[PDB]
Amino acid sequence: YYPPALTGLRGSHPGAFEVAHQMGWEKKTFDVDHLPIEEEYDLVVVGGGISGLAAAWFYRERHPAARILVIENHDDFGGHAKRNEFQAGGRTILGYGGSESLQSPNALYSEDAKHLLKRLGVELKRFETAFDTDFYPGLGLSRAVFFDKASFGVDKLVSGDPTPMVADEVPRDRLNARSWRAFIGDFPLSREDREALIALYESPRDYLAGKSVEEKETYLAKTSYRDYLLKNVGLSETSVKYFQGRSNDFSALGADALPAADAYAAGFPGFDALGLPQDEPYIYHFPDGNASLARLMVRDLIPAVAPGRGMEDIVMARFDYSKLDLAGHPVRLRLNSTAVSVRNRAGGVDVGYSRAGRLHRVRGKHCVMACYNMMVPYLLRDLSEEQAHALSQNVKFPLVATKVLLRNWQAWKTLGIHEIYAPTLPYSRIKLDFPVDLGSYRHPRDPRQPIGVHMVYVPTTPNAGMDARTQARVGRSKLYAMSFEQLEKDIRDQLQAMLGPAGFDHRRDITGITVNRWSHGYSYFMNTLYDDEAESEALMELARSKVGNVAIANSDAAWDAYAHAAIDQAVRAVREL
């Protein structure tokens, strides 16, 4: 039994969500009060993502003899941080199912997070050599933009994109990019539109002239990036389509739901002459993404699942899932199990869960809710109406992270590219995977040999007048109506249209597809186009309040969709108990 080698429809896979939806959609209740208590623990963690695993880890650190149960509803631990695997040419090729890398860790990681890393044997400086930073640039490859015929009249791939991004693994001087005039000069847009885009870079103007800096900042917080471009910069509706999907990957929303002020902070163009006031290499990437963080914690917590120690041997270590949930062992991780009930009683907490359609009741002195926060009201019976409602307002964003095994990457080499941005297509981000050597694992190097592609699909509804919560809920409705066959068609259609001109043939050249469907992906985050900062902060703090011996974690609890928020919220929750 070995989930990482599965391909096909993954992420929140069939079997992971149905009991949860019986609660959330049908309002079915699954009470276990009339069942005997089957097992007893010092701590029961609901949810086996990075946050829940960290909670078990910091709790044992404080209580070394503690008996800990971790209940997780997917068929594998890690939550968004999942290991994907392909077999190709007698070797393993690794991919990340979701949680991608550690974000600017020297700048952003707390002392507690850094302590977790060090105890697990993660040396951040090791990625300076593990990440092969000059591999694709040294091969003369650049990033490209793919314009689709539906939106721009013709399919066109334009390379040499100089656009700097938030979390960039390419040193700025190794972009193999062209000037703005030459690059935009190739856009399939009217001469007028191309000249206006070029001028956006060559000759910025104070599009808000006459406002104080403060009024500019007020206006930009209340105005979408798309509207800023349309109404103040004066770009045409055809021009701004170029920008529509740029924010999809890092914020799970298009330019219509991105506050102009957030676009400024993320390095988007148009602000240089506004008079507004005033980088870490994005290389902290295990070959299976932050799934390595989850695996490192699982192995540290449950030594029987795999041998070794440290960041090197984790990469190819063989996990034996039969050792995760062994009786009498102090730490047990129970997969395929949906918690349905959490109730304070007699100085402890009773937790009911459903596994293979059967209800169960266990008991712990302490409980950490490390699951999706909007799930918590359906489980935690003691919530006041106020706090349950607060939890329910963390409306997470759906995303789809697709891994594609290719027979070779000659087509990419021919086209001179290692990454594509598509302004309006379902997949806005498509790239050859990061080249990382770690432990015994070596990144694919030969374009005649197989390689993994990473591509992100976000089911936004651009330009419709929806607030962010509604685009998220509607995006999940669209994902719920998509079969795996429809998902694969979209992958194959777009890969063929982008790579076909250089000899790509999707039926011949794709040898693997793994679709990680994160219907409940990024935590909600406060959006100044729709939310008030003080109200939202009050909701956040209320939602995560301690309930008896039940503490609440998940990255959701910080309204902050980051692995280090997952850790910090677990630490706060463990300290509360």
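Just count from 1 along the sequence shown to find any residue number.
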Using the PDB record, quantify the missing residues of the deposited sequence between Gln278 and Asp279 as none, 1 to 3, 4 to 9, or 10 or more. 4 to 9
Select between 69-77 and 322-330 the stretch whose C-alpha atoms have the higher average B-factor in the entry. 322-330
Per the entry, higher mean C-alpha B factor between 48-56 and 534-542: 534-542
Of the options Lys431, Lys396, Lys403, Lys211, which has the highest CA B factor as deposited? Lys211
Taking the values straight from the PDB record, which of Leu487, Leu335, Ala177, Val376 has the highest C-alpha temperature factor? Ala177
Pull the Cα B-factor of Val550 out of the PDB entry and bin it into the chain's lowest, middle or highest third. lowest
Split the chain's modelled residues into thirds by Cα B-factor; is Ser523 in the lowest, middle or highest one? lowest
Could you look up the Cα B-factor of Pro287 in the entry and say which third of the chain it sits in: lowest, middle or highest? lowest
How does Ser151 rank on Cα B-factor within its chain, lowest, middle or highest third? highest
Where the record places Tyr207 (Cα B-factor, split into thirds across the chain): middle
